[PDB]
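Since the structure comes first, as structure tokens, the remarks are kept for the end.
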Amino acid sequence: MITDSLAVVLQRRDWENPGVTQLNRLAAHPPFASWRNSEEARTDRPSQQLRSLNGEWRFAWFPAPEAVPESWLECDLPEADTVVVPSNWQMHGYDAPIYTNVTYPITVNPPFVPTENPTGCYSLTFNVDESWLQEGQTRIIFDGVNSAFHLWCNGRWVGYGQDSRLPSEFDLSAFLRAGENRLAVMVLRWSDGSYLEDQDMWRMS
Amino acid sequence: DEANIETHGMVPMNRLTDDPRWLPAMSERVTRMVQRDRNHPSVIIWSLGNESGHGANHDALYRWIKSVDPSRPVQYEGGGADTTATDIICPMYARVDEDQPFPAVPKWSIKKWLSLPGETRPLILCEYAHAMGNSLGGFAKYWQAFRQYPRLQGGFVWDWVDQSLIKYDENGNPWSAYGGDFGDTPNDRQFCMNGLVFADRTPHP
Amino acid sequence: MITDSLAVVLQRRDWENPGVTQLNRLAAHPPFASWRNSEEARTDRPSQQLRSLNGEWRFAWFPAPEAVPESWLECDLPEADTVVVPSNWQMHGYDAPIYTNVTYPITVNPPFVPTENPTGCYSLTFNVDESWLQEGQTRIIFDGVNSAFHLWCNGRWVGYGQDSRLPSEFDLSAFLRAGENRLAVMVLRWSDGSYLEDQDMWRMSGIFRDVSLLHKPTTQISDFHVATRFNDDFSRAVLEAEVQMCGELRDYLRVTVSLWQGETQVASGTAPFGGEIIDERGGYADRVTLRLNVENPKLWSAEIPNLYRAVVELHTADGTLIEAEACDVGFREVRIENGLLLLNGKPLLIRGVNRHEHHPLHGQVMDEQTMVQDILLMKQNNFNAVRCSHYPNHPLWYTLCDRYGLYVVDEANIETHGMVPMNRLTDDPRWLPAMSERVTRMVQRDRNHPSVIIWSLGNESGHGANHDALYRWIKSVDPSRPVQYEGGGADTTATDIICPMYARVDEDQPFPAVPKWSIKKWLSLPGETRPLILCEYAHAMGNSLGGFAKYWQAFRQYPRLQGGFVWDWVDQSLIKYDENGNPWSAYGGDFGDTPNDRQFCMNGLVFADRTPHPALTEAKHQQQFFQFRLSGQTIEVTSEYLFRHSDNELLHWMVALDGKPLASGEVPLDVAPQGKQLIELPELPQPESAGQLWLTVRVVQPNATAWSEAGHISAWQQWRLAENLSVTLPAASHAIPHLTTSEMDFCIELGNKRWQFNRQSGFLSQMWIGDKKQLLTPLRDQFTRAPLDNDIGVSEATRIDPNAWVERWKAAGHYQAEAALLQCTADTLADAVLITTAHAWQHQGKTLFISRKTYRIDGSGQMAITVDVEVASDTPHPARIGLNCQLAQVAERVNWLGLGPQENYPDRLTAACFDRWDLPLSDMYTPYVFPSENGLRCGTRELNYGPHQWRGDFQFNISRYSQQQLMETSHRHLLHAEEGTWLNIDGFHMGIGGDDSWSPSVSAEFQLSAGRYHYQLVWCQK
Ligand SMILES: OC[C@H]1O[C@@H](SCCc2ccccc2)[C@H](O)[C@@H](O)[C@H]1O
Ligand SMILES: OC[C@H]1O[C@@H](SCCc2ccccc2)[C@H](O)[C@@H](O)[C@H]1O
Ligand SMILES: [Mg+2]
Ligand SMILES: [Mg+2]
Ligand SMILES: [Mg+2]
Ligand SMILES: [Mg+2]
Ligand code: NA
Ligand code: NA
Ligand code: NA
Ligand code: NA
């Protein structure tokens, strides 16, 4: 699909350009549960249309986003490991966490970030219900990804997003298919958005 | 509710926030937050960010929130906490009687600040009383002033919980790690722990 | 290179995503010339580092961007053609241009655009100088590309950009190479940015502004600002100049700012880089502030330019200059105080006009000569302001306005008129990033220009949260200029001034949500303090500016009413060519475009060539800077000048009866600004000959000016005094007229002349002289006129509009009313022959008008026609009450005594002056592109055409084209000169209007609503 490939996506660097803060990301809104019953909505009963993807994912750490193998799109690496999502991979030992107050963890050269920025690859396997595909819309909701990431569904590029502390939502109606689906997320520790994020706290991605 | 914008490491602090090219990025950090959390009753105050100095982007983003949501007052600390981008005067760690004389951005006494020529806005300390280790000395002074002065409507203590990470000895026993315990440099050592309670979380005295 | 390939670039669609408005585009700034010499910068000498890429390029048109061949990157196509850049490819015939007012040219489905969007491929070959490559930076500057494009240099992708009306700059230092270089530009007609661009104009795409290459040094002046502060006495000024650099920063290098007035330097400032501490972190190290003291400076204004030259140069401490920048500085202050817009402490009355960058031959490409040509005509017609509507204009246009002296309102490129609602995008947070870049980049470019006094957020975009935020941003970055915005009712929080569109003087349009109040009422609304300046008013579409005097009477009376901007300046008509080859003006749907908004594109005060419309003399007279109040013998001249003394003015007054000068005099006009001068006239002669004396004064400019020739007339005024009635007895000649009565008709004979009256119709069928002939068509009553653009309104054949005057007249059956002869008699008095007739106009059994006439044939041959007309109340009032006929004779000249020389109407005749006028027949006809009623002269006491002569007070518009031919015709070039000459003598005529075109705007008193009308004219030969 050449355009879905990493080389094409990574060339147009989205994590360094201030102009591009999101790609194909849905509009912001209050948390939708999408109940199909008035009584379910009233008593705050768990919604059937809303599904938590929280659980065991396959994870792989990389020194740079360009260092990630191309074979990662179609299938996960054998060297990948199973860590819980949500989690910080710094507390998993993959890449040290850092605490700074005022000074940036990286060289102050806006909007550029270091060539070597720790890249976390997240991949998930799951079965979408058949009824979801026939009618309506499915969207994936990344409630928080720190600090920039590209999304791939079944090998095809979905979109891009930033700002770790707000939900990034992408329509997956076109990308999903019947049966097994795979979600590839390339999470980048450093993004031009890090310049807007210099809070006195531990830096984790 | 505070927006995810902080450019404390920049020189000057408003280098990005006074840059028109960085306006599109800052707005999306503010607008998307308001759209998500405007329904919640508990939220009473919007915040533009933290330490980002005072730029033209702040005034524009301040005006935007007032336009979309006149229900909540908007506060911002940067620029001396008396700028046009804040509905409330919110100085950081300002003192009760003695006032820190700084160029450009002077920190007045919380009693003196109210009495400044042309001041009508109330004063709420977004940050005050640094609870780093053995602190809260003279904390009674603040609350004597809070109850005496009508326009002094209290403030927010920094901080609630020590941001200490747990590490493990060679023997296996866990110990609290701070700052540069993860082999990270340059770091800001134990300054990460300014909470009123520990992390387990045990209350400090 | 795969990534540089079209397939990869086009997949990531940048022209549809609102988030992506630019890629790898440099920062906005004022026009950098990058001089390497201080003297070159000072005298504005052409820069060697700046290179114009204007010239012949290779061009190829495509139905879709994806349709473009891949081989285009490395080499140009053989099928490519050579067209000039800058240009619109629509005017090259590659892709039809389209005119729409409100509706989008494409399907409203934001942010998506049609799959088939016309793609223009531009390619250029050139040789970059070797010295440019070795050191410094080169950047290409696309001053204007309409509306989105991807750039390729030597096959490799450089970047992407939008917003057609602002310069897109890309660094080409890395992409360029030694020798031949190729620049591939894929320009797309439709982009998501088109949703922000729905201005009432012809839609054209392509590189329509200049393309250039700029070389800068390694250490450069990336940006610089110029501000002016003043003491309250306005006698002491400080020029604070902030300077930014792109470094490559070091301690030794300096920046020197010096002010030059001609060849003299009034001030200078040298300081090391570094800003004052502004935060806890400190100040800018790469910036520097230089404030220069200027004592008793010359203040910039439209009346008196007084420009200063500031040279900003970055230099080493030794010292050699690295780079030199220059800028024109005008010292003025623009601030609203106590609810009044002020310039230099004086309230400025805005006599401005809205102007579109349009050329009939070159589309929207603007040459230097046309910018000068327009400015001169504006100032020569008492215009001091110009509103670039509704987009950032040419960077040179601001320069010209600085030196000539014109108030400029710089408007952002945002207009979403086609959306439903109008603020759908502007109240959308996701569209905020796109709108801000259309505003911020404009301010950064045009903040140095003195001529610009007012910022504008856009046009019709409703009121959204984005406007309030963008308004607040401009106020934050530039408190020097007030910000205005019309959307949301022109009283929103996003405007410093109340700027209603086409609002009226007395009657107020009651609309839900957004009500349009009277300009007088609007000020008086509870909680109103802001001044009112009409961003748009007086729609000059075709025959307009009726009741235009009402606005300017209100402007001078009401302090907070500081005038407004007229729409429009020039007709946006395109030139097309017949099969015979002869050129003709095209409008709206003449280019095979649908849906379109027909002739609504032409609302200018002048044509496109550009010839002044007759409405332009009305604007000039109402905007004149000298008022007049006659008090018997003494004249009083009040100067409306705020800053300049009448140093070059010459008052000339003529006193004439019947157009015959009886006295004349010249007085040196020495008036102070906002002052009044009393001028006594010598005792005037009393002409024993009966008639009406007229006192006409005029203000003449003896010495030549940069914008006007010597002997120029700026202001004039005419009074009426000492009327002498004639008690003379015309009767009676020795001879006596003779009639012969027959069953067929009526025949009257007097000497050589013979008059014949048809008994079947009741109208006189033929007149005679000699051995001679007269009429080509019988003289009948006329109650209609050719529908003006104002009469038509927005009514079309597909859409019937009940409110329009033309439709009310069609339903009433005025045009189709047949004359019914109810009575016809003929008698002979002792002195003269008198015939009495009476007609009636009936539509579907209902009588509309009843006309009774009593022709009297004097013994001298003079025929006195007494016409008494009754109009029904139920019927809409007639456009005119009139006599009309077709004269078989075609004389070359037309001599008349009345208001002239140009055409004038009851609604618009204040500019016209009463005198004996003589003009060719062609001058009596106004060639409006859309045919209608024209060339009317009011207050005419005597009309001489050939042997014929008509006396009495009437209105006439003698022409070669009948009223029936004009309304049926759609264009002016289709008009054929009918046999003989058509004459319409109307005793009464309806006002033409109007405030706006889309709604009936004729005032009540100007309408013919009396019910009964009477007029008498004496028809004679020789
Ligand atoms: O202890 C952190 C505090 O730092 C200070 S600034 C400088 C104080 C500082 C700087 C470097 C190391 C330790 C403290 C901030 O104002 C507070 O909000 C808080 O983040
Ligand atoms: O003649 C154009 C004018 O249209 C009107 S709106 C509706 C007026 C209209 C609409 C459609 C066709 C013709 C006129 C605008 O307010 C003016 O600025 C100007 O653009
Ligand atoms: Mg980015
Ligand atoms: Mg901080
Ligand atoms: Mg776009
Ligand atoms: Mg419009
Ligand atoms: Na209190
Ligand atoms: Na801290
Ligand atoms: Na006035
Ligand atoms: Na128009």
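By convention here, the chains of the structure tokens are called A, B, ... in the order presented, each chain's residues are numbered starting at 1, and ligands are numbered starting at 1 in the order presented.
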
For this session: Could I get the residue neighbourhood of ligand 4 at 6 Å, counting only C-alpha atoms and all ligand atoms, as a PyMOL selection string?
Result: (chain A and resi 101-102+199-200) or (chain B and resi 8)

Problem set entry | Expected answer as a ChimeraX atom specification: strand (DSSP E or B) residues in range 87-193 of chain B | /B:89,92,123-130,152-158,161,165-168,174-177

Problem set entry | Env. residues ligand 5 / 6 Å / only C-alpha atoms and all ligand atoms / as a PyMOL selection string | chain C and resi 14-18+20-21+192

For this session: Could you list, as a VMD selection string, the residues of chain C having an atom within 10 Å of chain B when counting only C-alpha atoms?
Result: chain C and resid 19 26 to 28 275 to 285 427 to 437 439 to 441 444 464 to 478 493

The selected residues should be written to file as a PDB file, in the first residue's frame (atoms: C-alpha atoms).
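Okay, result_9.pdb is ready:
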ATOM      1  CA  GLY C  19      -5.720  21.374  10.124  1.00  0.00           C
ATOM      2  CA  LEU C  26       8.471  30.391   6.315  1.00  0.00           C
ATOM      3  CA  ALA C  27       7.277  32.945   8.872  1.00  0.00           C
ATOM      4  CA  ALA C  28       5.269  36.006   7.834  1.00  0.00           C
ATOM      5  CA  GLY C 275      15.491  42.765  25.200  1.00  0.00           C
ATOM      6  CA  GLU C 276      14.379  44.022  28.594  1.00  0.00           C
ATOM      7  CA  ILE C 277      13.490  41.384  31.177  1.00  0.00           C
ATOM      8  CA  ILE C 278       9.858  40.428  30.556  1.00  0.00           C
ATOM      9  CA  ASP C 279       9.546  37.251  32.630  1.00  0.00           C
ATOM     10  CA  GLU C 280      11.373  35.256  35.304  1.00  0.00           C
ATOM     11  CA  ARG C 281      13.335  33.580  32.506  1.00  0.00           C
ATOM     12  CA  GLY C 282      14.446  36.965  31.192  1.00  0.00           C
ATOM     13  CA  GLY C 283      14.023  38.769  27.886  1.00  0.00           C
ATOM     14  CA  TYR C 284      14.668  38.046  24.216  1.00  0.00           C
ATOM     15  CA  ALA C 285      18.377  37.755  23.429  1.00  0.00           C
ATOM     16  CA  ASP C 427     -18.066  29.033  15.509  1.00  0.00           C
ATOM     17  CA  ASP C 428     -16.255  25.729  15.009  1.00  0.00           C
ATOM     18  CA  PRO C 429     -13.127  25.209  17.175  1.00  0.00           C
ATOM     19  CA  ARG C 430     -11.630  22.861  14.568  1.00  0.00           C
ATOM     20  CA  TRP C 431     -11.695  25.667  11.994  1.00  0.00           C
ATOM     21  CA  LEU C 432     -10.072  28.167  14.370  1.00  0.00           C
ATOM     22  CA  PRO C 433      -6.489  27.250  13.375  1.00  0.00           C
ATOM     23  CA  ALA C 434      -7.253  28.041   9.705  1.00  0.00           C
ATOM     24  CA  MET C 435      -8.965  31.366  10.416  1.00  0.00           C
ATOM     25  CA  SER C 436      -6.199  32.569  12.732  1.00  0.00           C
ATOM     26  CA  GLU C 437      -3.534  32.038  10.078  1.00  0.00           C
ATOM     27  CA  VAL C 439      -5.584  36.980  10.244  1.00  0.00           C
ATOM     28  CA  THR C 440      -2.228  36.719  12.005  1.00  0.00           C
ATOM     29  CA  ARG C 441      -0.143  36.528   8.818  1.00  0.00           C
ATOM     30  CA  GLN C 444       2.478  40.672  10.474  1.00  0.00           C
ATOM     31  CA  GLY C 464     -18.504  32.941  16.081  1.00  0.00           C
ATOM     32  CA  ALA C 465     -16.127  32.364  18.979  1.00  0.00           C
ATOM     33  CA  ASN C 466     -13.210  32.432  16.541  1.00  0.00           C
ATOM     34  CA  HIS C 467     -13.952  36.064  15.690  1.00  0.00           C
ATOM     35  CA  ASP C 468     -13.867  37.198  19.323  1.00  0.00           C
ATOM     36  CA  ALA C 469     -10.596  35.341  19.879  1.00  0.00           C
ATOM     37  CA  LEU C 470      -9.059  36.679  16.665  1.00  0.00           C
ATOM     38  CA  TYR C 471     -10.289  40.174  17.525  1.00  0.00           C
ATOM     39  CA  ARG C 472      -8.620  39.958  20.931  1.00  0.00           C
ATOM     40  CA  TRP C 473      -5.391  38.749  19.323  1.00  0.00           C
ATOM     41  CA  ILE C 474      -5.045  41.782  17.047  1.00  0.00           C
ATOM     42  CA  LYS C 475      -5.760  44.138  19.948  1.00  0.00           C
ATOM     43  CA  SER C 476      -3.020  42.312  21.850  1.00  0.00           C
ATOM     44  CA  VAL C 477      -0.341  42.442  19.147  1.00  0.00           C
ATOM     45  CA  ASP C 478      -1.321  45.841  17.754  1.00  0.00           C
ATOM     46  CA  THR C 493     -17.856  42.170  20.730  1.00  0.00           C
TER      47      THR C 493
END

Problem set entry | Polymer residues at most 12 Å from residue 119 in chain B, only C-alpha atoms, same-chain spacing of 2 or more positions, as number ranges by chain | B: 81-84, 87-89, 111-117, 121-123, 151

Output N, CA, C and O atoms of each residue in that selection to a file, as a compact mmCIF listing (two decimals), in the first residue's frame.
# COMPACT_ATOMS: atom_id res chain seq x y z
N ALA B 81 0.27 37.37 36.87
CA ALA B 81 -1.03 37.02 37.43
C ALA B 81 -1.99 38.20 37.51
O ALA B 81 -3.01 38.13 38.20
N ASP B 82 -1.67 39.28 36.81
CA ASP B 82 -2.52 40.46 36.77
C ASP B 82 -2.76 40.88 35.33
O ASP B 82 -3.13 42.02 35.06
N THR B 83 -2.55 39.95 34.41
CA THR B 83 -2.70 40.22 32.99
C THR B 83 -4.17 40.27 32.57
O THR B 83 -5.07 40.10 33.39
N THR B 84 -4.39 40.50 31.28
CA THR B 84 -5.74 40.59 30.73
C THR B 84 -6.30 39.21 30.40
O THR B 84 -7.45 39.09 29.97
N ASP B 87 -9.33 36.27 34.91
CA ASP B 87 -10.44 36.90 35.60
C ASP B 87 -10.15 37.06 37.09
O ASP B 87 -10.81 37.83 37.78
N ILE B 88 -9.17 36.32 37.57
CA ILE B 88 -8.80 36.33 38.97
C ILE B 88 -7.30 36.55 39.07
O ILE B 88 -6.57 36.16 38.18
N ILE B 89 -6.86 37.20 40.14
CA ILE B 89 -5.43 37.36 40.38
C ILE B 89 -4.95 36.11 41.09
O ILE B 89 -5.34 35.84 42.22
N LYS B 111 -2.03 41.10 50.44
CA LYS B 111 -2.81 42.22 50.95
C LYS B 111 -2.57 43.47 50.12
O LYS B 111 -3.49 44.23 49.84
N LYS B 112 -1.31 43.67 49.72
CA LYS B 112 -0.94 44.83 48.91
C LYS B 112 -1.46 44.71 47.48
O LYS B 112 -1.86 45.70 46.88
N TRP B 113 -1.46 43.49 46.96
CA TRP B 113 -1.85 43.24 45.58
C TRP B 113 -3.28 43.70 45.30
O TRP B 113 -3.57 44.22 44.23
N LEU B 114 -4.16 43.49 46.27
CA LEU B 114 -5.55 43.89 46.15
C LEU B 114 -5.70 45.40 46.07
O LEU B 114 -6.57 45.92 45.39
N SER B 115 -4.82 46.10 46.78
CA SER B 115 -4.94 47.54 46.96
C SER B 115 -4.28 48.34 45.84
O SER B 115 -4.34 49.57 45.84
N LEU B 116 -3.66 47.65 44.89
CA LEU B 116 -3.02 48.31 43.76
C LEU B 116 -4.03 49.11 42.95
O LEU B 116 -5.16 48.69 42.77
N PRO B 117 -3.61 50.30 42.48
CA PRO B 117 -4.47 51.19 41.69
C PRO B 117 -5.06 50.51 40.46
O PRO B 117 -4.32 50.07 39.58
N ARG B 121 -10.36 42.72 40.65
CA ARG B 121 -10.41 41.26 40.66
C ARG B 121 -10.00 40.68 42.01
O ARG B 121 -9.15 41.23 42.70
N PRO B 122 -10.62 39.55 42.40
CA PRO B 122 -10.26 38.86 43.64
C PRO B 122 -8.93 38.13 43.52
O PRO B 122 -8.45 37.92 42.41
N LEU B 123 -8.35 37.74 44.65
CA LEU B 123 -7.06 37.05 44.64
C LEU B 123 -7.20 35.62 45.16
O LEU B 123 -7.59 35.40 46.31
N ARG B 151 -11.70 39.98 49.58
CA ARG B 151 -11.26 39.65 48.23
C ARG B 151 -10.22 38.53 48.21
O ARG B 151 -9.94 37.96 47.15

Counting only C-alpha atoms, which residues in chain A sit no more than 10 Å from chain B? For each one, give the nearest pair of atoms and the distance in Å, sorted by chain then residue number, as JSON lines.
{"residue": "A:17", "atom": "CA", "partner": "B:25", "partner_atom": "CA", "distance": 9.8}
{"residue": "A:18", "atom": "CA", "partner": "B:25", "partner_atom": "CA", "distance": 6.3}
{"residue": "A:19", "atom": "CA", "partner": "B:24", "partner_atom": "CA", "distance": 6.8}
{"residue": "A:20", "atom": "CA", "partner": "B:25", "partner_atom": "CA", "distance": 8.0}
{"residue": "A:21", "atom": "CA", "partner": "B:25", "partner_atom": "CA", "distance": 6.4}
{"residue": "A:22", "atom": "CA", "partner": "B:28", "partner_atom": "CA", "distance": 9.4}
{"residue": "A:27", "atom": "CA", "partner": "B:32", "partner_atom": "CA", "distance": 8.2}
{"residue": "A:28", "atom": "CA", "partner": "B:32", "partner_atom": "CA", "distance": 5.5}
{"residue": "A:29", "atom": "CA", "partner": "B:36", "partner_atom": "CA", "distance": 4.8}
{"residue": "A:30", "atom": "CA", "partner": "B:36", "partner_atom": "CA", "distance": 4.3}
{"residue": "A:31", "atom": "CA", "partner": "B:36", "partner_atom": "CA", "distance": 7.2}
{"residue": "A:91", "atom": "CA", "partner": "B:165", "partner_atom": "CA", "distance": 8.9}
{"residue": "A:95", "atom": "CA", "partner": "B:182", "partner_atom": "CA", "distance": 9.9}
{"residue": "A:96", "atom": "CA", "partner": "B:182", "partner_atom": "CA", "distance": 6.3}
{"residue": "A:97", "atom": "CA", "partner": "B:182", "partner_atom": "CA", "distance": 6.7}
{"residue": "A:98", "atom": "CA", "partner": "B:184", "partner_atom": "CA", "distance": 5.7}
{"residue": "A:99", "atom": "CA", "partner": "B:179", "partner_atom": "CA", "distance": 5.4}
{"residue": "A:100", "atom": "CA", "partner": "B:187", "partner_atom": "CA", "distance": 5.3}
{"residue": "A:101", "atom": "CA", "partner": "B:188", "partner_atom": "CA", "distance": 6.2}
{"residue": "A:102", "atom": "CA", "partner": "B:9", "partner_atom": "CA", "distance": 5.0}
{"residue": "A:103", "atom": "CA", "partner": "B:9", "partner_atom": "CA", "distance": 4.7}
{"residue": "A:104", "atom": "CA", "partner": "B:9", "partner_atom": "CA", "distance": 5.5}
{"residue": "A:105", "atom": "CA", "partner": "B:186", "partner_atom": "CA", "distance": 7.9}
{"residue": "A:108", "atom": "CA", "partner": "B:10", "partner_atom": "CA", "distance": 7.2}
{"residue": "A:109", "atom": "CA", "partner": "B:10", "partner_atom": "CA", "distance": 9.5}
{"residue": "A:110", "atom": "CA", "partner": "B:16", "partner_atom": "CA", "distance": 8.8}
{"residue": "A:111", "atom": "CA", "partner": "B:22", "partner_atom": "CA", "distance": 9.6}
{"residue": "A:162", "atom": "CA", "partner": "B:29", "partner_atom": "CA", "distance": 9.3}
{"residue": "A:163", "atom": "CA", "partner": "B:29", "partner_atom": "CA", "distance": 6.9}
{"residue": "A:164", "atom": "CA", "partner": "B:4", "partner_atom": "CA", "distance": 8.5}
{"residue": "A:165", "atom": "CA", "partner": "B:4", "partner_atom": "CA", "distance": 7.0}
{"residue": "A:166", "atom": "CA", "partner": "B:33", "partner_atom": "CA", "distance": 7.0}
{"residue": "A:167", "atom": "CA", "partner": "B:36", "partner_atom": "CA", "distance": 9.0}
{"residue": "A:192", "atom": "CA", "partner": "B:25", "partner_atom": "CA", "distance": 9.6}
{"residue": "A:193", "atom": "CA", "partner": "B:25", "partner_atom": "CA", "distance": 8.0}
{"residue": "A:194", "atom": "CA", "partner": "B:7", "partner_atom": "CA", "distance": 8.9}
{"residue": "A:195", "atom": "CA", "partner": "B:7", "partner_atom": "CA", "distance": 6.0}
{"residue": "A:196", "atom": "CA", "partner": "B:5", "partner_atom": "CA", "distance": 4.9}
{"residue": "A:197", "atom": "CA", "partner": "B:6", "partner_atom": "CA", "distance": 5.1}
{"residue": "A:198", "atom": "CA", "partner": "B:6", "partner_atom": "CA", "distance": 5.2}
{"residue": "A:199", "atom": "CA", "partner": "B:6", "partner_atom": "CA", "distance": 6.2}
{"residue": "A:200", "atom": "CA", "partner": "B:192", "partner_atom": "CA", "distance": 7.2}
{"residue": "A:201", "atom": "CA", "partner": "B:192", "partner_atom": "CA", "distance": 6.4}
{"residue": "A:202", "atom": "CA", "partner": "B:163", "partner_atom": "CA", "distance": 7.7}

For this session: May I have the residues within 10 Å of ligand 9, computed using only C-alpha atoms and all ligand atoms, as a ChimeraX atom specification?
Result: /C:340,347-350,531-533,552-563

Exercise. Hey, can you check how far CA of residue 126 in chain C sits from CA of residue 50 in chain C?
Worked result: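 Computed distance, CA of residue 126 in chain C to CA of residue 50 in chain C, equals 14.4 Å.
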
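Near range 327-330 of chain C, within a cut-off of 6 Å and counting only C-alpha atoms, sit the residues residues 300, 307, 308, 309, 310 and 450 of chain C, with same-chain residues fewer than 2 positions away left out.
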
Exercise. Within 10 Å of range 141-146 of chain A, counting only C-alpha atoms, which residues qualify if same-chain residues fewer than 5 places away don't, as a PyMOL selection string?
Worked result: chain A and resi 25-26+51-53+86-88+161-171+185+187-191+193-194+203-205

Keeping only C-alpha atoms, write the selected residues to a file as a short mmCIF file (atom, residue, chain, number, x, y, z; two decimals), in the first residue's frame.
data_model
loop_
_atom_site.label_atom_id
_atom_site.label_comp_id
_atom_site.auth_asym_id
_atom_site.auth_seq_id
_atom_site.Cartn_x
_atom_site.Cartn_y
_atom_site.Cartn_z
CA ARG A 25 -8.93 12.74 14.53
CA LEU A 26 -12.63 13.08 15.39
CA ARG A 51 -15.87 -1.57 24.79
CA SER A 52 -12.76 -1.35 26.86
CA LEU A 53 -9.61 -2.45 25.08
CA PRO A 86 -2.71 1.49 30.18
CA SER A 87 0.86 1.80 31.49
CA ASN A 88 4.10 3.77 31.30
CA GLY A 161 -2.63 12.73 17.25
CA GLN A 162 -1.00 14.68 20.08
CA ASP A 163 -1.75 16.19 23.51
CA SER A 164 -1.43 13.35 26.01
CA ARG A 165 -4.03 14.55 28.51
CA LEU A 166 -7.07 14.50 26.22
CA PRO A 167 -8.84 11.63 24.39
CA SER A 168 -7.76 11.07 20.79
CA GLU A 169 -10.59 9.50 18.79
CA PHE A 170 -10.36 7.89 15.35
CA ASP A 171 -13.13 6.42 13.19
CA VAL A 185 0.40 2.20 17.68
CA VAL A 187 4.08 6.06 20.45
CA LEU A 188 6.81 8.69 20.47
CA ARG A 189 8.26 10.01 23.72
CA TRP A 190 9.25 13.37 22.23
CA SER A 191 7.08 15.60 20.06
CA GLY A 193 4.08 19.17 21.76
CA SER A 194 6.61 18.53 24.51
CA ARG A 203 8.52 12.57 32.31
CA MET A 204 6.99 9.32 31.10
CA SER A 205 5.71 8.22 27.72
#

Problem set entry | Shell of 9 Å around range 737-739 of chain C, only C-alpha atoms, local chain residues under 5 positions omitted, as JSON, numbers by chain | {"C": [746, 747, 748, 749, 750, 751, 755, 826, 827, 828, 831, 832, 833, 857, 858, 859, 860, 861]}

Residues of chain C at most 10 Å from ligand 2: nearest atom pair and distance in Å, only C-alpha atoms and all ligand atoms, as a tab-separated table:
residue	atom	partner	partner_atom_place_in_ligand_line	distance
C:100	CA	ligand 2	12 (C)	7.8
C:101	CA	ligand 2	11 (C)	5.4
C:102	CA	ligand 2	10 (C)	6.3
C:103	CA	ligand 2	11 (C)	8.3
C:198	CA	ligand 2	20 (O)	9.9
C:199	CA	ligand 2	20 (O)	7.2
C:200	CA	ligand 2	20 (O)	4.8
C:201	CA	ligand 2	20 (O)	8.1
C:354	CA	ligand 2	18 (O)	9.9
C:389	CA	ligand 2	18 (O)	9.4
C:390	CA	ligand 2	18 (O)	9.7
C:417	CA	ligand 2	6 (S)	8.7
C:459	CA	ligand 2	18 (O)	8.4
C:460	CA	ligand 2	16 (O)	8.4
C:500	CA	ligand 2	16 (O)	10.0
C:501	CA	ligand 2	16 (O)	6.6
C:502	CA	ligand 2	16 (O)	7.6
C:535	CA	ligand 2	18 (O)	9.3
C:536	CA	ligand 2	18 (O)	6.8
C:537	CA	ligand 2	18 (O)	8.7
C:539	CA	ligand 2	1 (O)	7.5
C:540	CA	ligand 2	1 (O)	9.2
C:541	CA	ligand 2	1 (O)	7.5
C:567	CA	ligand 2	18 (O)	7.7
C:568	CA	ligand 2	19 (C)	8.9
C:596	CA	ligand 2	12 (C)	8.5
C:597	CA	ligand 2	12 (C)	5.1
C:598	CA	ligand 2	12 (C)	7.6
C:599	CA	ligand 2	13 (C)	8.0
C:600	CA	ligand 2	1 (O)	4.7
C:601	CA	ligand 2	1 (O)	6.4
C:602	CA	ligand 2	1 (O)	7.9
C:603	CA	ligand 2	1 (O)	6.9
C:789	CA	ligand 2	13 (C)	9.9
C:793	CA	ligand 2	14 (C)	7.3
C:794	CA	ligand 2	13 (C)	5.4
C:795	CA	ligand 2	12 (C)	8.8
C:796	CA	ligand 2	12 (C)	9.7
C:996	CA	ligand 2	8 (C)	8.2
C:997	CA	ligand 2	14 (C)	6.7
C:998	CA	ligand 2	8 (C)	5.4
C:999	CA	ligand 2	8 (C)	8.8
